[PDB]
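Contents: one structure, followed by commentary.
Residue numbers (my numbering): 491 to 718.
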């Protein structure tokens, strides 16, 4: 009957669980579940939404996501639309980093041109990985049509184009912006850093503590803790 260790540091599990090899095989190792104390992963082969109730937790999410930056760049052309700043520490280590309004607007056109070329000419040698930090502001800069969001989510993965959406839960999942509603209904992979009782879209439920989240997929959830 395994139980969660007092501390679960990324720097230790990286070695004992060979986490760089997890990234090399197409997933981000993010933490352990409370039920089985087994490795939890965000698949880089389908979209995901990663939220937290607290803005300081977004900085930690970014730190864990980007741990194996050399393997990520080996496998992916990475483009980050970061309207908030939590990914700035990696701005020189991705193919494209956009933080100004006009540069974020250009990411919309880039994503569509990327998807189009992959459909016409076939997937590129490296997959494309778009990380959108603050989808609400991304929408404010791009006015990306809901049908463009739909086609990127539905067609992208089979063509080698993937998107990860990161943000505050009330600005990312429980917002009612049209494109957010479309994304949350089509995506089947979530890490939610807030009580299910404290959110709208999805025994007294305990408080969500530091680094804790619910992994949500297939109409089911599991409480986890992200690596430290």
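In this text, a Cβ means the ideal position worked out from N, Cα and C, and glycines have one as well.
Of the candidates 594, 649, 664, 649 places its Cα closest to the Cα of residue 610. Membership of residue 618 in any alpha helix (DSSP H) is not indicated; the residue belongs instead to the beta strand (DSSP E) covering 617-623.
A Cβ-Cβ contact shorter than 8 Å links residue 691 with residue 664. The beta carbon of residue 494 lies closer than 7 Å to those of 522, 524, 527, 715 in the same chain, with the five residues before and after it left out. The continuous stretches of alpha helix (DSSP H) do not include residue 650, and DSSP gives it neither H nor E. DSSP places residue 566 within a strand segment (E or B) once states are collapsed to three. If one requires a minimum length of 4 residues, the alpha helix (DSSP H) runs lying completely within the region 575-620 are 591-611, in chain order. Only buried fits residue 669, as 16 or more other CB atoms lie within 10 angstroms of its CB. With fewer than 16 other Cβ atoms from the protein chains shown falling within 10 Å of its own Cβ, residue 637 counts as exposed.
Burial check for residue 644: the Cβ neighbour count within 10 Å stays below 16, so the residue is exposed.
Using a Cβ distance threshold of 8 Å, residue 717 and residue 540 do not count as a contacting pair. If you check the CB distance, residue 594 and residue 628 come in under 8 Å. A straight line joining the alpha-carbon of residue 537 with that of residue 492 spans about 30 Å. Under the three-state reduction of DSSP output, residue 704 falls in the strand class. In this structure, residue 681 sits near residue 520, with a CB-CB distance shorter than 8 Å.
Per DSSP, the continuous beta strand (DSSP E) segment holding residue 530 begins and ends at 529-533.
Between residue 500 and residue 565, the CB-CB gap reaches or exceeds 8 Å. For residue 584 against residue 568, the beta-carbon gap comes to about 4 Å, under 8 Å, which counts as contact.
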